[PDB]
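Labels for the chains are A, B, C, D and E, by order of writing; each one numbers its residues from 1.
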Amino acid sequence: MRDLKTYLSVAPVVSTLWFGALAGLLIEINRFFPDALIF
Amino acid sequence: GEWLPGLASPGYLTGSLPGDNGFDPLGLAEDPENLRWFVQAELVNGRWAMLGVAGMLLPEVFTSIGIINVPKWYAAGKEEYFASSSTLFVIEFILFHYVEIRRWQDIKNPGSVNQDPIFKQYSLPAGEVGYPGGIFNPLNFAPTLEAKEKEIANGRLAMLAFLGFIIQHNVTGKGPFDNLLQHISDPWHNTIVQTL
Amino acid sequence: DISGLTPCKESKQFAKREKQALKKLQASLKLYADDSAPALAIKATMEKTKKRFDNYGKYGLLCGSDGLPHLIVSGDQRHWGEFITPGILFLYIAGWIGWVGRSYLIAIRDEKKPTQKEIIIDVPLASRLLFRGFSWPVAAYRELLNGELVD
Amino acid sequence: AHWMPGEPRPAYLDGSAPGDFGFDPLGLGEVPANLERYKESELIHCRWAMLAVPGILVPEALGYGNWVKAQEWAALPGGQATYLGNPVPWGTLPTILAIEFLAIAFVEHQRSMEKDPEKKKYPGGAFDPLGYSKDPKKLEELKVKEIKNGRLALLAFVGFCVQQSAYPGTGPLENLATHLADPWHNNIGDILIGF
Amino acid sequence: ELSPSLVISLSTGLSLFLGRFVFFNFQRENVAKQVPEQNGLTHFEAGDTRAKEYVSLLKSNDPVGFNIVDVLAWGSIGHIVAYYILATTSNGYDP
């Protein structure tokens, strides 16, 4: 379990989760505040 | 003091300062000089916030009870004065330049600035940085630890209150006391929820 | 106006672009049952479109002879949202990221095997250093004056 | 006595020089030779300013003229100048330009040939008929007075030029009167935080 | 209208006077401080046979040493200033 957590903390997994979260965020923001060219 | 019971207070907050409740989660005052400068800044922002908030709420309360017709703080600058806002700004800028540079020199070097440059006979007694005293304290109140931490407390409360005033005016478009009254009117139907 | 441009709310070509766009969308919409999903989709596109043009007009954007929004980045105060403000926001976030990363690299620099925590992230440490970025201008400004920024 | 109370003065400024108030934020006088040259040139700028300032104010009050309008007679085919109201015969641009050039070049270059650093700034001799420099202590006191009046004159000149940039075609004394009109309305504000 | 001869002669006279009396020492001093050389030795010591300084031509029985070269130099400046003044006063320029 500790080993599995360590694996989940490895660079590619961390990157997939981080950029996944970011992608989700930017997507939702661009869904609620769409076509933003100013601000 | 424990702002978050029971979160261990940072090592650099040993309670040797008034207002030490161990609240610095981002570690801004990890450096001693940083802690000094931030103590000064907290005192100054705090005092100006107390004065400002008082000057924002109090005139409005007296207007509500019909004592004196005073225009609200966010509509007070608009072309009502004798000397105009620009001249007022130049004056303000000059006097504040002098005063703030003076205090700054006090912060950089405590004993360096204490005597009147014109009338060198008069002088200010060697005290604490941020707590000048002397002529600034004509009623000779004792700068006790309790009084200091009370000062800092009311200062923090007033700063948060100023942020509150700004945001509330930004949203509702009325005065803070007006918002308070409307909140008293119907508490469960007049909050930030309904105004947004 | 600025650079010989004309305001989008007053631009004829801007309006004609909105027109042709909406008319293209409707010309495509004609082939589907009004209650069906394709219809609702195309209609959503139409509403989104006109809302977009209306918002651009409202924002005080200047249009060229092409009928498209052109941006003013000279520092002109009527257009700070066209570069200055989102620029400040960007700089804030980027500074946040860089400062946090810097903190992390410094934190593990003095250890048995530093490279380890560079290929296997210390998530507790990272979460502790995460929010420190919020005050990055203040933190960096003080480190600049102190001499803890460079060697 | 320094310019900023509580601020440490540079290592090379002990205050033994006339007007030495420890003002050098940029550390331009860190080099001794440069510092000496700066003393000389500061005195030169000072004396030029002290001659200029009243020469800007006086003909505006008495001669009813203007230190900027007094420039405009040139730059045109006419080229006629007036002194105390009286049109000068040799008062044309090329002539006075040649005269000024030759004279000032001669005197300046003659000042350039001096080797003694103390006489390069304080020549004396023929330039001191009243012998006010004969007494050392009085010389020092009068030196301090000179550098101070000179610096104030320089500041006044800056005032004239900036006030001219803000209100073109109007002299300093005219601006003083305008200020005396409505002191609380006629200020720098209209230029700074205006409009 | 300005007499070309008077302007030119007066200008050249002023320049030659300035070079003979008021700027002579300074010029001679700065020239004394400078002399072209490659790798320490001069161009003639290197040596290019065509880079020897003319001793004969520079000779003069003038009290200070004002020779033909100085005459050509300050004279050149004089003529330049002269023709500048002439051409300038000749035009109908108005700003």
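Just so we're on the same page, contacts are C-beta pairs under 8 Å (C-beta built on N, C-alpha and C of every residue); 3 or more make two chains touch, one makes a residue touch a chain.
Centre-to-centre, using mean CA coordinates, chain A is 40 Å away from chain B.
Computed from the mean C-alpha positions, the centre of chain C lies at a distance of 67 Å from the centre of chain E. Mean C-alpha positions place chain C and chain D at a centre distance of 54 Å.
Distance from the chain B centre to the chain E centre is 74 Å, each centre being the mean of its Cα atoms. In chain D, no residue reaches two or more other chains under the touch definition. Taken chain by chain, the contacts run in an open path, each chain touching the next and the two ends left apart. Each chain pair that touches appears in this list: A-C, B-C, B-D, D-E. Against chain B, the residues of chain D that register as touching in their complex are 4-7, 184-185, 187-190, 192-194.
Those residues of chain D that touch chain E in the shared complex are 75-77, 94, 102, 105-106, 109-110, 112-113. Looking at the complex, you find that chain E touches chain D at residues 14, 18, 22-23, 25-26, 85, 89, 94-95.
Interface residues of chain B, counted against chain C in their complex, comprise 25-28, 31, 33-34, 37.
Only residues 6, 9-11, 14, 34-35, 37-39 of chain A touch chain C when the two sit together in their complex.
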